[PDB]
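Same protein, same chain, two forms; see structure 1 and structure 2 below, as structure tokens.
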Structure 1
């Protein structure tokens, strides 16, 4: 019911190259937006940390990079409340946009007609990328020409989504009700932790309307291998 800016792209202030890449895209599809200076290990970060989320400042089970990332998202939720917005739409500076992205981002009526915004929902707009992937090892030596790659559980859906005001409130509180106890990074809570019960539901626009390209090429490269491996083992056992 407002035309106050809802489209926010989290970006490190000096990330010149990315910001240009972003500007070209949003412009080209005639989509109004604003940047947001992403919190980095600094005075102004550490400030807001013990101010709003003390529990986190102590927690060394997170890199500062993840503390700075989580805050970026947190304050932008607080803004949805402050400006009393029905919903706000968050991105990171490393995305690519769909074809009819305008119809979803330029206007916001399709959204009004389909949802009650004080309900506690998120809508992922980013393609779904596997919440698991592997990194190459240096410490542990490859036996019989097979690496011991290390598994990670990053849930790359934080780079593009709508959050209801209801959901904004829910998340804001939920994060202040942690004391290093279940303190895991933002992705591993929003989409993962709370996907089992409580009234807070998560939707996935499908097909999606954006992507973190690099992750896709990697995810794809992994699951082509995984598949070819699987095929050769099935072929082996056929004797």
Structure 2
């Protein structure tokens, strides 16, 4: 059964073409998942499943749509009883030997217990905090005053075990409106300390986002 899903706006035909080119050349099976966008469909899904998120002013409707798309795919993993599901966003660029990882799953089956709770990142690791130089505040005694700025972890390419799909669905349902944060922050920052939940990183990675 197919394990690879690419989140893509149903009208984003040029992005879909980019995905098709890359995946078909490497003979990697996949399906598109129609992404949630600002719409009655997204609004109704938020109210049905995540009214906490519907009420969260701290997320943009785009960020809510992104969360909803991942969340519905986590649900798909559970509903179809998949050992794992592999999720992409439609701006990823695949590295050369992606087929060995994405067209076959026996390597995962040997390495992981899917009722255990893990996410394996396939995309490049991005530092969530970086130093930026600035101009307003002058240096002192030959030391610069830099600013700490936050960067989002990508959610553009990862494997999630059925265990983790269940965990993240329950987590997002249990969060209060005030506790909601963008999906990348919950998956890859906040929850890194959580006891049974483990995040792994393929290194070197096998894909990267085409944006920034």
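Positions refer to the first chain, counted from 1. By rigid core we mean the largest C-alpha set that fits within 1.5 Å across both forms.
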Since only one of the two is the form deposited without uridine-5'-diphosphate, can you say which one?
-> 1
If you could, name the hinge position out of 156, 49, 175, 97 for the rigid-part rotation between structure 1 and structure 2?
-> 156
Degrees of turn, smaller rigid part against larger, between structure 1 and structure 2?
-> 36
Residue 133: Cα shift between structure 1 and structure 2 after core superposition, Å, came to 6.2
Report, to one decimal in Å, how far the Cα of residue 16 moves between structure 1 and structure 2 once the rigid core is superposed.
-> 1.2
For residue 148, tell me the Cα shift between structure 1 and structure 2 once the rigid core is superposed, in Å to one decimal.
-> 12.0
